[PDB]
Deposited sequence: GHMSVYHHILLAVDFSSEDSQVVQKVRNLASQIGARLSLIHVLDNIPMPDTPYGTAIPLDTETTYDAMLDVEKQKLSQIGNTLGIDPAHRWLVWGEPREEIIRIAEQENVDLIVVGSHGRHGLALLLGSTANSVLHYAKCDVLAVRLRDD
């Protein structure tokens, strides 16, 4: 196996579908473990007169992550929902998890180009229908 651990980064756009079945086949053909990441991305002040729905908001993010994770057969131990700047957190989890190929979509300043610039491992940029 040329690569043993692929991290797929998904932004939950319409575009993801292309990369999902492609990455599923790639991982199989080269014999790599898949992990999955989605980054959650008076501005520090919290509204006092309205009810918050942060738990419903997060659950929606979890369900989209799980739709894809289930399709790819990725154990929930290797699915990542993190908050932060996409480029930073994608590279952080890649390094933390011993990933050797990061897969990102590409249509700035873009996420693909930023991950390329800082990645300590190989990067696959799947050209998306922008």
**OP:** Walk along the deposited sequence from position 1 and note every stretch that has no C-alpha coordinates.
**Re:** 1 to 3, 45 to 52, 119 to 126, 150
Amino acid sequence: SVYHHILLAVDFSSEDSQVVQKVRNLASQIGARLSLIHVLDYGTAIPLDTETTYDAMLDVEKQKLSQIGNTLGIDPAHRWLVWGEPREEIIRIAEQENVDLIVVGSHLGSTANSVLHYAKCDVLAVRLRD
From here on, numbers count along this sequence of modelled residues.
**OP:** Using the B-factors recorded in the PDB entry, average over the C-alpha atoms of 48 to 56 and of 28 to 36, then report which stretch comes out higher.
**Re:** 48 to 56
Original post:
If you average the Cα B factors in the entry, which is higher, 89 to 97 or 61 to 69?
Top reply: 89 to 97
Subject >> Where the record places residue 11 (Cα B-factor, split into thirds across the chain) >> reply: middle
**OP:** Ordered by C-alpha B-factor within the chain, which third holds residue 20? Give me lowest, middle or highest, please.
**Re:** middle
Subject >> CA B-factor placement of residue 4, once the chain's modelled residues are sorted into thirds >> reply: middle
